[PDB]
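The data below hold one chain only, encoded as structure tokens and taken in the form deposited in one PDB entry.
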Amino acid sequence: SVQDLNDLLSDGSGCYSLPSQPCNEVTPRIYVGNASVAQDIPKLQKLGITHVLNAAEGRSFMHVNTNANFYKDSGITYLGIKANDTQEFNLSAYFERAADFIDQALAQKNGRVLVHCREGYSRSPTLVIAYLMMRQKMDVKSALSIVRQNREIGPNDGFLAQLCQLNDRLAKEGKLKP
């Protein structure tokens, strides 16, 4: 079933594409991008980004070293998640919090949120996919396919198993659109 989601990400050759652009709007007013977009406050203001969710807050090479102060006086609201892009990091512990932050942005009619990591490839797509599942009632295959059509994404297999877990839970509670 993780394999099923991998087949939806790739052409089948066992290899996977990387993002072709630093930022993409993957669903209306939800953007996924990389460190360079997130650190370019003028760029952010021109797209109308009001909210930034840094899914890779940290100081290593797999992390983006920003914080609430970085965006102070920019008018942009910030949430940092110190997530690691590995098989074992439990990003699911943050699904609720990230979805609530995405919701808070979209509840504003002029709100647009950027969910990013260093590459925009593994951590942030997982959070957006989870958001679509728990708040737009999409199953995981639908949510993942919609995001993958608009950006080359590639959650690691740990993140995919966690999304599968979320899917069965949402299916069991009968909370997925027919």
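Residues that one form lacks are left out of the comparison. Residue positions are given as counts along the sequence shown, with the first one as 1. Here the rigid core means the biggest group of C-alpha atoms that line up within 1.5 Å when the two forms are laid on top of each other.
For the segment pair 104-112 and 68-76, the entry gives 68-76 the higher mean B-factor, averaged over Cα atoms.
Stretches 149-157 and 131-139 differ in mean CA B factor, with 131-139 having the higher one.
Each of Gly33, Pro42, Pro28, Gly58 has a CA temperature factor in the record; the biggest one is found at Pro42. For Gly48, the recorded CA temperature factor ranks within the highest third of the chain's modelled residues.
Compared with the other modelled residues of the chain, the Cα B-factor recorded for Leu163 ranks in the lowest third.
The PDB entry assigns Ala38 a C-alpha temperature factor belonging to the highest third of its chain's modelled residues.
There is another form of the same protein, the form solved in complex with a small molecule; it is not shown, and what comes next is about it.
At the 4.5 Å threshold, heavy atoms of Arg118 reach the small molecule in the entry with it bound. At a distance threshold of 4.5 angstroms between non-hydrogen atoms, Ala68 is out of contact with the small molecule in the entry with it bound. Although the partner is absent here, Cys15 is not a contact residue: none of its heavy atoms lies within 4.5 angstroms of the small molecule in the entry with it bound. The small molecule is not drawn, but in the entry with it bound it has a heavy atom within 4.5 Å of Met62. Core-superposed comparison between this form and the one not shown: CA of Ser20 displaced by less than 2 Å. Against the superposed rigid core, the only consecutive-residue run (3 or more long) showing CA movement of at least 2 Å between this form and the one not shown spans 12-15.
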